[PDB]
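S.K.:
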Amino acid sequence: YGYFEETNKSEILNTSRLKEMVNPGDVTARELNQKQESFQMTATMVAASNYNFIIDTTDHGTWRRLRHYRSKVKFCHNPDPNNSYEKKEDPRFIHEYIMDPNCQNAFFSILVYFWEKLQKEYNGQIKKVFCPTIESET
Amino acid sequence: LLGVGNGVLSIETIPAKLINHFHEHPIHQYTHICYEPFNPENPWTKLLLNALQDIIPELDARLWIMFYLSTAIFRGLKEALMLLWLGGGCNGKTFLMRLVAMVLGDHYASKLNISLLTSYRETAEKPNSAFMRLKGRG
DNA sequence: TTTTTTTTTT
Ligand SMILES: Nc1ncnc2c1ncn2[C@@H]1O[C@H](COP(=O)(O)OP(=O)(O)NP(=O)(O)O)[C@@H](O)[C@H]1O
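Protein sequence lines correspond, in order, to chains A and B.
Here the first sequence stands for residues 688 to 825, where the numbers follow full-length UniProt numbering.
Here the second sequence stands for residues 550 to 687, where the numbers follow full-length UniProt numbering.
1. Report back the beta-carbon spacing between B/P589 and B/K595 to the nearest angstrom; my notes put them in contact at under 8 angstroms.
2. Reducing DSSP to helix, strand and coil, say where B/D603 ends up.
3. For a test of your reading of the model: does the CB of B/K642 fall under 7 angstroms from any non-hydrogen atom of ligand 1? Yes or no.
4. Ordered along the chain, which non-local residues of its own chain (more than five positions away) have a Cβ less than 8 angstroms from that of A/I741?
5. In this structure, how does DSSP classify B/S659 when only helix, strand and coil are distinguished?
6. For the alpha helix (DSSP H) containing A/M732, name the first residue and the last one.
7. Whole angstroms are fine: how far does the CA of B/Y669 sit from the CA of B/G687?
8. Among A/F801, A/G748, A/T694 and A/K804, whose alpha-carbon lies nearest the alpha-carbon of A/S736?
9. Applying the 10 Å Cβ sphere with the 16-neighbour rule, what's the burial state of B/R682?
10. Between A/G811 and chain B, is the shortest Cβ-Cβ distance under 8 angstroms, so that the two count as touching?
11. So is the beta-carbon of A/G811 under 7 angstroms away from any non-hydrogen atom of ligand 1?
12. Do B/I604 and ligand 1 come close, with the Cβ less than 7 angstroms from some heavy atom?
13. Tell me the start and end of each unbroken alpha helix (DSSP H) in the segment 631-683 of chain B that is at least 4 residues and wholly inside, in chain order.
14. Please report the straight-line C-alpha distance between A/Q791 and A/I785, rounded to a whole angstrom.
15. Sorry if obvious, but does the Cβ on B/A600 come closer than 7 angstroms to a heavy atom of ligand 1?
16. Say the cut is 7 angstroms; is the CB of A/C763 nearer than that to a heavy atom of ligand 1?
17. Closest by CA to B/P575, which one among B/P564, B/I582, B/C583 and B/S559?
18. Apply the 10 Å Cβ neighbour rule to B/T580 and answer buried if 16 or more other Cβ atoms are within range, or exposed otherwise.
19. Could you compute how far the alpha carbon of A/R752 sits from the alpha carbon of A/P711?
20. Go ahead and label A/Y756 buried or exposed: buried means 16 or more other beta carbons lie within 10 angstroms of its beta carbon, across all protein chains shown.
21. On the three-state DSSP scale, how would you describe B/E628?
22. Just checking: is the beta-carbon of B/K660 within a distance shorter than 8 angstroms of some beta-carbon in chain A?
23. By DSSP, does A/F817 sit in helix, in strand, or in coil?
24. Measuring alpha carbon to alpha carbon, tell me which of A/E692, A/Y690, A/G689 and A/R704 ends up nearest B/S664.
25. What is the DSSP secondary structure of A/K706, counted as helix, strand or coil?
26. For A/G689 and chain B, any beta-carbon pair shorter than 8 angstroms?
27. Cα separation between B/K627 and B/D655?
28. If you draw a straight line from the C-alpha of A/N739 to the C-alpha of A/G811, how long is it?
29. Are there any heavy atoms of ligand 1 lying less than 7 angstroms away from the beta-carbon of A/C818, as far as the coordinates show?
30. Classify A/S823 as buried or exposed, calling it buried when 16 or more other Cβ atoms lie within 10 Å of its own Cβ.
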């Protein structure tokens, strides 16, 4: 698993690196004071930002790999009762409920259960999951 | 002379011979693949031949591609040729290309960085381990 | 150890 954050305003997505980091194949890199070596690429990627990436290519090899989702709800102080997509925030979620071992292992159990559910429902193929919202937004 | 998983393969004369006995050839590098004589009735051989037919429709193009890729077995001087393969995406390009490197092993085959081919040469003298990967590989 | 690499510069 690998995730990205801290994106600047209107950054350009380097599609050459995209084809190289999400691909069931080998990749080649180098560490400090070390020789070249190659390893399999096996990381799940998530990118979070407040601005849409700039994608300057239209080839099927690029857009078959991308999925886009937009957040609807907002967490703040004094949420407007007229907005269903606005909620009261609880600081503990990031200040405490991310460091407590109990919630961490509960979340790990949830992840294991969902992995088992994916294996037993779609034979492990994420592409077979039905989701109109993600498809429409992408 | 090509080192394989179950001995060493000699392709000096046709048909190729497998050396399962004592020999004095100074051979160190090897691939983990166990060599077996070609057999079209092997289910895996049938599957691979059908996949090759599916990927490359034209017969003459398929024969030329198989002839060019077969020269990877030999580690000596060969014709000054390079193959450029263009595709819209999700069309089996990386499957065959990576399968060739998988069956040749790391000592005889390697993925190469694209910057090694589309970027200016380093200034004067600097160490270049990416170019060093080219030594001894077919 | 000790150096080269890296760093730094292009
Ligand atoms: N003979 C075949 N029959 C059916 N599916 C195949 C065959 N060969 C490859 N595939 C599948 O086709 C998909 C594309 O293969 P892949 O080699 O990764 O694509 P590519 O042409 O290199 N594309 P890209 O790198 O995305 O531009 C993969 O899911 C393969 O498993």
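Ideal Cβ positions, reconstructed from N, Cα and C, are used throughout, including at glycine.
M.R.: With the structure as the only source:
1. 7 angstroms
2. helix
3. yes
4. Once the five neighbours on either side are set aside, the close Cβ partners of A/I741 are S697, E698, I699 and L700.
5. Here B/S659 sits in coil by DSSP.
6. It is not in any alpha helix (DSSP H) - A/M732 instead sits in the beta strand (DSSP E) that spans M732 to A734.
7. Straight-line spacing of the CA atoms in B/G687 and B/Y669 works out to 25 angstroms.
8. Among A/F801, A/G748, A/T694 and A/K804, the Cα nearest to that of A/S736 belongs to A/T694.
9. buried
10. no
11. no
12. yes
13. 642-653, 664-667 and 678-681
14. Those two C-alpha atoms are separated by around 7 angstroms.
15. yes
16. no
17. B/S559
18. buried
19. Rounded to whole angstroms, A/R752 to A/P711 spans 12 angstroms at the Cα level.
20. exposed
21. coil
22. yes
23. coil
24. A/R704
25. helix
26. no
27. 20 angstroms
28. Those two C-alpha atoms are separated by around 30 angstroms.
29. no
30. exposed
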